[PDB]
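Novice: The structure under discussion is supplied below as structure tokens; questions concerning it will follow.
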Amino acid sequence: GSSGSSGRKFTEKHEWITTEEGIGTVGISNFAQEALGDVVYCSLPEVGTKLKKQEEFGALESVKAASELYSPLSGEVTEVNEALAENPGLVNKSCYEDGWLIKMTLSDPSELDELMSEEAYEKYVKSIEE
């Protein structure tokens, strides 16, 4: 078999991960920010931490409800959103633009294959009501 072209990746936790120059940036989708509401707090780790696949790295707390955050793949945090430190509300106006949870490298991108691509993500986000 042979697959076509792939782009933005997504997980079963409304989390997305892009791949550029071997850099895997973690973040949430607009569907998660629209449900969570206006974020007020953001619990993020410290750059230089060795995270593991499907591991709790941080959490988000809004005026509505809270939601746990998990890393897409195992790697090392290269940097963290310094903007949310003062105005974590950005996540609303910008999801990926600047609302990037954290940035880490890709040690085993082979797992990304098991994840759901933008395409599939649709069948998983649409079934939410159907």
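Residue numbering restarts at 1 for every chain of the structure tokens, chains are lettered A, B, ... in their displayed order, and ligands are numbered from 1 as they appear.
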Find the residues of region 59-119 of chain A that sit at most 7 Å from region 31-45 of chain A; for each, write down the nearest two atoms and how far apart they are in Å, to one decimal. Count only C-alpha atoms. Sort by chain, then by number going up, and give it as JSON lines.

Specialist:
{"residue": "A:59", "atom": "CA", "partner": "A:43", "partner_atom": "CA", "distance": 5.1}
{"residue": "A:60", "atom": "CA", "partner": "A:42", "partner_atom": "CA", "distance": 4.9}
{"residue": "A:61", "atom": "CA", "partner": "A:41", "partner_atom": "CA", "distance": 5.3}
{"residue": "A:62", "atom": "CA", "partner": "A:39", "partner_atom": "CA", "distance": 4.2}
{"residue": "A:63", "atom": "CA", "partner": "A:38", "partner_atom": "CA", "distance": 6.4}
{"residue": "A:64", "atom": "CA", "partner": "A:37", "partner_atom": "CA", "distance": 6.3}
{"residue": "A:65", "atom": "CA", "partner": "A:36", "partner_atom": "CA", "distance": 6.1}
{"residue": "A:88", "atom": "CA", "partner": "A:40", "partner_atom": "CA", "distance": 6.4}
{"residue": "A:89", "atom": "CA", "partner": "A:39", "partner_atom": "CA", "distance": 5.6}
{"residue": "A:92", "atom": "CA", "partner": "A:33", "partner_atom": "CA", "distance": 6.2}

Novice: With N, CA and C atoms retained, write the just-selected residues as a tab-separated table (two decimals), in the first residue's frame.

Specialist:
chain	number	residue	atom	x	y	z
A	59	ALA	N	-1.47	21.00	32.87
A	59	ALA	CA	-2.92	21.04	32.89
A	59	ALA	C	-3.43	22.46	32.68
A	60	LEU	N	-4.69	22.58	32.25
A	60	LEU	CA	-5.29	23.88	32.01
A	60	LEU	C	-6.55	24.07	32.85
A	61	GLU	N	-6.72	25.27	33.39
A	61	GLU	CA	-7.89	25.57	34.22
A	61	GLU	C	-8.57	26.85	33.74
A	62	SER	N	-9.84	26.72	33.35
A	62	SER	CA	-10.61	27.86	32.87
A	62	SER	C	-11.74	28.20	33.84
A	63	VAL	N	-12.51	29.23	33.49
A	63	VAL	CA	-13.62	29.66	34.33
A	63	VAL	C	-14.78	28.68	34.26
A	64	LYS	N	-14.73	27.79	33.27
A	64	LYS	CA	-15.78	26.79	33.09
A	64	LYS	C	-15.37	25.46	33.71
A	65	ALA	N	-14.42	24.78	33.07
A	65	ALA	CA	-13.95	23.49	33.57
A	65	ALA	C	-12.45	23.32	33.31
A	88	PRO	N	-2.52	34.17	29.00
A	88	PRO	CA	-2.84	32.83	28.50
A	88	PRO	C	-4.13	32.81	27.69
A	89	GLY	N	-4.79	33.96	27.59
A	89	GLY	CA	-6.03	34.06	26.85
A	89	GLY	C	-5.81	33.96	25.35
A	92	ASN	N	-7.14	31.56	22.76
A	92	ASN	CA	-8.45	31.78	22.16
A	92	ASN	C	-8.32	32.37	20.76

Novice: Can you list, as a list in words, all residues belonging to region 19-115 of chain A that DSSP tags as alpha helix (DSSP H)?

Specialist: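 In region 19-115 of chain A, DSSP puts these residues in alpha helix (DSSP H): residues 30, 31, 32, 33, 34, 35, 36, 90, 91, 92 and 93 of chain A.
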
Novice: Would you kindly return, as a count of residues only, each protein, DNA or RNA residue with an atom no farther than 9 Å from any atom of residue 50 (chain A), considering only C-alpha atoms and excluding same-chain residues fewer than 6 positions away?

Specialist: 4

Novice: Identify which of the residues A:23, A:51, A:112, A:85 lies closest to residue 71 (chain A), counting only C-alpha atoms when measuring atom-to-atom distances.

Specialist: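 Of the candidates, the smallest distance to residue 71 (chain A) is held by A:51.
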